[PDB]
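Chains A and I are the protein sequences, given in the same order. Per the deposited numbering, the first sequence runs over residues 499 to 561. Per the deposited numbering, the second sequence runs over residues 331 to 412.
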Amino acid sequence: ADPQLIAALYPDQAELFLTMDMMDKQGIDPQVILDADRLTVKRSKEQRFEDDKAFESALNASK
Amino acid sequence: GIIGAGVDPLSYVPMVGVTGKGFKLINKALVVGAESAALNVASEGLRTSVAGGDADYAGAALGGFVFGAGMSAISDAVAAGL
Numbered sequence: 499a500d501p502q503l504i505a506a507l508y509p510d511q512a513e514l515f516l517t518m519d520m521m522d523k524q525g526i527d528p529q530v531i532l533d534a535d536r537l538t539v540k541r542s543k544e545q546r547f548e549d550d551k552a553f554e555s556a557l558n559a560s561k
Numbered sequence: 331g332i333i334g335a336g337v338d339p340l341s342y343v344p345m346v347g348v349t350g351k352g353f354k355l356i357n358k359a360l361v362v363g364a365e366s367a368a369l370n371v372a373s374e375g376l377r378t379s380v381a382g383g384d385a386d387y388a389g390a391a392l393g394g395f396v397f398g399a400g401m402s403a404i405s406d407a408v409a410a411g412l
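Right, here's the structure in full:
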């Protein structure tokens, strides 16, 4: 009923809202998310720095 | 091809990183007879006696070319605005 509001009040589990809205509104199976979220590597504190810098480049260079 | 290409650039990334560096504008085309060598022992390139003389110039040019092409694009835009 109000996607934005429930999300706004709890600014913590936006991950769950994204996954659920993937699950129901879009047509993807709630099986193909399961593996990819179970198969993930631990980001291991190394490639993240590269990941923070990453959020910063596609953001600025987006236009 | 900074002009001939040519872009605006009116909508471009803030362009933070660039300084020079590898900017020599050999526009492909607009080169006619390409005598590779030299006319004398003068000529050569910027005949300068400071180190950085080939990078101060380059910097100026990137900054001159970008600004000139941008003034051209913005004067075309204000043309349509009138």
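Heads up, the beta-carbon is just placed ideally off N, CA and C, and yes, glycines get one too.
Do you know how far the Cα of residue j is from the Cα of residue i?
i                  : j                  : result
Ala-388 of chain I : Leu-360 of chain I : 20 Å
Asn-370 of chain I : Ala-364 of chain I : 16 Å
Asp-549 of chain A : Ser-542 of chain A : 12 Å
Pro-528 of chain A : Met-518 of chain A : 9 Å
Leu-392 of chain I : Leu-537 of chain A : 47 Å
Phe-353 of chain I : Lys-523 of chain A : 49 Å
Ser-373 of chain I : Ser-366 of chain I : 12 Å
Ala-506 of chain A : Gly-400 of chain I : 41 Å
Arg-546 of chain A : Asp-500 of chain A : 33 Å
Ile-332 of chain I : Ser-555 of chain A : 25 Å
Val-396 of chain I : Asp-386 of chain I : 15 Å
Can you list, in chain order, the residues of its chain whose CB lies under 8 Å from that of residue i, leaving out five sequence neighbours each side?
i                  : result
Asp-384 of chain I : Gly-375, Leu-376 and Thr-378
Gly-334 of chain I : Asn-357, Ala-359 and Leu-360
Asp-510 of chain A : none
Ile-504 of chain A : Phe-515
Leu-340 of chain I : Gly-400, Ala-403, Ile-404 and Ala-407
Report all residues from its chain with a CB closer than 6 Å to the CB of residue i; omit the five preceding and five following residues, and keep chain order.
i                  : result
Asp-338 of chain I : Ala-403
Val-408 of chain I : none
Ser-405 of chain I : none
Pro-344 of chain I : none
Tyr-342 of chain I : none
For residue i, which residues of its own chain have a beta-carbon under 7 Å away from its beta-carbon, when the five flanking residues on both sides are left out?
i                  : result
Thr-349 of chain I : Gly-389
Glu-513 of chain A : none
Could you check which residue in the options has the C-alpha nearest to that of residue i?
i                  : options                                       : result
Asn-558 of chain A : I:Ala-335, I:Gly-347 and I:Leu-412            : I:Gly-347
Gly-382 of chain I : I:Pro-344, I:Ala-410 and I:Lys-351            : I:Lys-351
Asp-535 of chain A : A:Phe-553, A:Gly-525 and A:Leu-516            : A:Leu-516
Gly-336 of chain I : I:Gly-398, I:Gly-411, I:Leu-412 and I:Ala-410 : I:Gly-398
Taking a Cβ distance cut-off of 9 Å, strictly less, list which residues of the segment 333 to 364 of chain I are near chain B, in chain order. Annotation note: the requested chain B is absent from the structure, which comprises protein chains A and I.
What are the residues of the segment 533 to 554 of chain A that lie near chain I, defined by any Cβ-Cβ distance shorter than 8 Å? The segment 533 to 554 of chain A vs chain I, Cβ under 8 Å: nothing.
If you scan the segment 334 to 366 of chain I from start to end, which runs of the alpha helix (DSSP H) of 4 or more residues do you find wholly inside it? Within the segment 334 to 366 of chain I, no run of alpha helix (DSSP H) at least 4 residues long lies entirely inside it.
Please give me, in chain order, every unbroken run of the beta strand (DSSP E) with length at least 3 that falls completely inside the segment 368 to 403 of chain I. Restricting attention to beta strand (DSSP E) runs no shorter than 3 residues, the segment 368 to 403 of chain I encloses none.
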